[PDB]
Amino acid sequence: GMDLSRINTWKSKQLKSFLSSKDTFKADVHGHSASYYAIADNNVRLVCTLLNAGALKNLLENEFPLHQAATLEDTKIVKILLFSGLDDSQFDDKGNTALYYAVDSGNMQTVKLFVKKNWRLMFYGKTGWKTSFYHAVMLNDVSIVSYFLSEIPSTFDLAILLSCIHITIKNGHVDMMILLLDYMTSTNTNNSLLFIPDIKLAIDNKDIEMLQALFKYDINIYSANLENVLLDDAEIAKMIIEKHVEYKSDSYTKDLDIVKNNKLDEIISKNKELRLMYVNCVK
């Protein structure tokens, strides 16, 4: 019955012997190998000695050393393991990459390490909800996400953008949404209004800073059936009307089919408060 947990305190004689034994790459009574303890203590010298003895040719079915090394602040074991030929896109038993754990541990230097290797790693995961990009968004880690976006090539269109927007609006992360909105605006190649799915959610919560930030951008106020809410809350109704009025005088928007044949003007004309709001927007 074996216990390796104290391996980092062993001297040469005991380690050398151990590494000669038939036990050297077995898991102990706690279920961990020697590589696991060396990594956990950031024992670079020991890690390498284990690697020199053939530890990576004898990994168990539940051990993912790269994923483990990704939680360390010192990136050296991660460098060593990549040099040894470990695959940076491998999933563990929870469908996560090593990058995911660098995000989850907030190790920026390890995040930058994997992303300089290939930026595509930020979008690998068993599910969309298991990608390093989405997890950064979900954690409201504005630094990591700002960094991720600076590394997406223009040649690429973010697919998972709608799930990100949802969780962001839902949980009130306004700086995050500004980042996502700046990115949508800058990659708006067909020059249309921005489709924000959960604008209804921000209305219902009435987060004034969130709404004010949304309305700074060329958002699609029409494909949300927002005309239904113009008689609901006047402060918000005024923001929508102000936007609509702007869209009717902006050459970028005034001749769009969505603006021309809108169902808002109908509701505005039938009500008196809304009419007041409109004409006060016009100057």
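Quick note: we count residues from 1 along the sequence shown, nothing fancier.
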{"query": "Per the entry, higher mean C-alpha B factor between 154-162 and 105-113", "finding": "154-162"}
{"query": "Per the entry, higher mean C-alpha B factor between 87-95 and 171-179", "finding": "87-95"}
{"query": "Selection from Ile240, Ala69, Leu256, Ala234 [criterion: highest C-alpha temperature factor in the record]", "finding": "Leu256"}
{"query": "Relative C-alpha B-factor of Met184, binned into the chain's lowest, middle or highest third", "finding": "lowest"}
{"query": "Ranked C-alpha temperature factor of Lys206 among modelled chain residues, by third", "finding": "middle"}
{"query": "Entry-reported Cα temperature factor of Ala213, expressed as the chain third it lands in", "finding": "middle"}
{"query": "Position of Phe148 among the chain's modelled residues by C-alpha B-factor, lowest, middle or highest third", "finding": "lowest"}
{"query": "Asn118 by Cα B-factor - lowest, middle or highest third of the modelled chain", "finding": "middle"}
